[PDB]
Amino acid sequence: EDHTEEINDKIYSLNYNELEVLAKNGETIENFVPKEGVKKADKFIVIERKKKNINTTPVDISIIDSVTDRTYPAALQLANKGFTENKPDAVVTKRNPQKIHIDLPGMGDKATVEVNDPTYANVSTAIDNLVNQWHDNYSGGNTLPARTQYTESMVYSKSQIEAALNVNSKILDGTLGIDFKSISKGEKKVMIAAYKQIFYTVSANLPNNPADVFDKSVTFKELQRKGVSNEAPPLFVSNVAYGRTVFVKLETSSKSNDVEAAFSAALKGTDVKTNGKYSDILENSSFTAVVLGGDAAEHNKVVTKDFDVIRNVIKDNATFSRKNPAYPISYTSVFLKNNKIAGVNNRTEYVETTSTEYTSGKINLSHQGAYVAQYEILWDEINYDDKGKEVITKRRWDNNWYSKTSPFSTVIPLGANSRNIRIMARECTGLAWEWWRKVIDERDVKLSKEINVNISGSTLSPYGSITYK
């Protein structure tokens, strides 16, 4: 008996929204403080937050080799929440014959085979046999460079990093370690990069009609009991990518604003050695590389302060040879009904936290000039609240404009949240056409640990200098 017409008619009758059935929705960011500052001890710590959006729709879906088993070329699966979290449900029935094609170079003809009973086991075996033929007859023992699928991103939330890298956050967090709390606190800054090094892909000819994949004895009622419905419509796996995945984490508690740029540059090339604060930041950073194996037990983790060690890890896993086995890393699927490519729409909101630090300082005044001197020393104290509003306090040395005589010295304490530092020193020349002469008029001073304002000379020609120790 033949249920072909039935399967077709019932699958064609499924009514669903292709984006909705595989939609992945993240967090909604309600309230947050855009900007806050707080004096620690020596320092002023400014934290800045921005509400941001990610909306992305990958057609490659990562494989976590927990259950799969469930994922191979021409596998059938359900389009449901589990799919979107990299735990697909399989739909296993008796199957018709199925052609698959490997993309390793220089084969026939011999790159395509028909698998009579396309179960996980027979497809796997047919693939193993194709890959071996290639090694034995077509490669010449040469190593095949991977096709690299690369993503990179600062880390802020589980759903954000997931959407950004197109990698399940549980595997990311599980292998690398992501201290999300420290991040939100502005205490850690983390970037993660993912290298999916694709050595070869195996595709499966798309069915002409939905029924073509099922043995004629299969009934729609059977699909229904295997979970098929408007909410979990069937998918056909059209291609699986095989190779190796490397994750890289760059982590620092540095408070520079250049960290993100320093991290991206490090991944880009060794010429980061050729940069001021990039290299200082990296010196204050820690690196982790994980290389995924075929199952959890085979995963490898390396933590190092030498980014060159990381470059070699990446490099040693970017080439295919008999001695560098490949694993399933990602796959594309089409709705069985439609043959339309199936994408997972990640939409999430998150908070992008950046953190800066400022250090308190002292103005050290040195008057050893053979004249009477006055200073005008001004600065602002910046603060924030409570909606991130920058509230400003004007400040003033209490002895502004008081005459001082040589020798004289004092120390003026500037808070770490101090900005817009102006320092003027003038001396009375006793000359009717220029009674007061400015000796220092600076004007926009930098908040060093020490600002050493030194004036001397004679009335007629004085001279002074601000230096920063």
Q) What tally of residues in the range 293-323 results from selecting those that are part of a loop (DSSP other than H, G, I, E, B) and in contact with a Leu (Cβ under 9 Å, 6 or more places away or on another chain)? A) 3
Q. Within the bounds of the range 235-245, is there any residue that is in contact with a strand residue (DSSP E or B) (Cβ under 9 Å, 6 or more places away or on another chain), assigned to a loop (DSSP other than H, G, I, E, B) and either assigned by CATH to the domain that holds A326 or over 30 Å from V131 (Cβ atoms) (or both)?
A. no
Q) Would you pick out the residues in the range 370-417 that are closer than 30 Å to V33 by Cβ, part of a loop (DSSP other than H, G, I, E, B) and out of contact with any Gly (no Cβ under 7 Å at 6 or more places or on another chain)? A) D385, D386, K387, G388, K389, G415, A416
Q. Looking at (1) touching a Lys or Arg at 6+ places or on another chain (Cβ under 9 Å); (2) of a type outside the set (D, E, K, R); (3) closer than 26 Å to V155 by Cα, can you tell me which one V248 breaks?
A. (1)
Q. Does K315 satisfy the criteria of being among the charged types (D, E, K, R), over 21 Å from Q160 (Cα atoms) and buried (at least 19 other Cβ atoms within 10 Å of the Cβ)?
A. no
Q. Could you say whether any residue in the range 251-260 is more than 22 Å from the chain's Cα centre (by Cα), assigned to a helix (DSSP H, G or I) and not hydrophobic (A, V, I, L, M, F, W, C)?
A. no
Q) Does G141 meet the test of being assigned to a loop (DSSP other than H, G, I, E, B) and either surrounded by fewer than 15 Cβ atoms within 10 Å (Cβ to Cβ) or without any contact (Cβ under 8 Å) to a residue 60 or more places away in the chain (or both)? A) yes
Q) Which residue pairs have Cβ atoms under 9 Å apart, sit 6 or more places apart or on different chains, and have a first residue in the range 26-50 that is closer than 19 Å to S256 by Cβ and touching a residue at least 24 places away in the same chain (Cβ under 8 Å) and a second that is of a type in the set (V, I, T) and assigned to a loop (DSSP other than H, G, I, E, B)? A) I47/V33; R49/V33
Q. Does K340 qualify as being within 33 Å of the chain's Cα centre (by Cα), free of Cβ contacts under 8 Å to residues at least 12 places away in the same chain and either at negative phi or assigned by CATH to the domain that holds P233 (or both)?
A. no
Q. Taking the range 159-175 as the region of interest, how many residues are over 17 Å from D65 (Cα atoms) and surrounded by fewer than 20 Cβ atoms within 10 Å (Cβ to Cβ)?
A. 1
Q. Could you list, in sequence order, the residues of the range 304-320 that are aromatic (F, W, Y) and within 22 Å of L104 (Cα to Cα)?
A. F320
Q: Might you check whether a residue that is in contact with a helix residue (DSSP H, G or I) (Cβ under 6 Å, 6 or more places away or on another chain), under 30 Å from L78 (Cβ atoms) and surrounded by fewer than 19 Cβ atoms within 10 Å (Cβ to Cβ) occurs anywhere in the range 198-212?
A: yes
Q: Inspect the range 6-23 for any residue being part of a strand (DSSP E or B) and surrounded by fewer than 15 Cβ atoms within 10 Å (Cβ to Cβ) and give the result as yes or no.
A: no
Q. What tally of residues in the range 80-135 results from selecting those that are part of a helix (DSSP H, G or I), aliphatic (A, V, I, L, M) and closer than 16 Å to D215 by Cβ?
A. 1
Q) Take the residues of the range 217-245 that are in contact with a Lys or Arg (Cβ under 7 Å, 6 or more places away or on another chain) and closer than 15 Å to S13 by Cβ: which is surrounded by the most Cβ atoms within 10 Å (Cβ to Cβ)? A) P233
Q: Could you grab the pairs with beta carbons closer than 8 Å, sequence gap of 6+ or different chains, first residue in the range 205-220 and more than 11 Å from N339 (Cβ to Cβ), second one assigned to a helix (DSSP H, G or I) and of a type in the set (D, E)?
A: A211/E5; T219/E6; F220/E6
Q: Report, by residue number, each residue of the range 31-77 that is more than 24 Å from the chain's Cα centre (by Cα), part of a loop (DSSP other than H, G, I, E, B), of a type in the set (A, V, I, L, M, F, W, C) and not assigned by CATH to the domain that holds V202.
A: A41
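Neighbour counts are summed over all protein chains in view; Cβ atoms, including those assigned to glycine, are modelled from backbone coordinates with ideal geometry. All of this is worked out from the model, or read from it or from the source named; no laboratory read-out is quoted.
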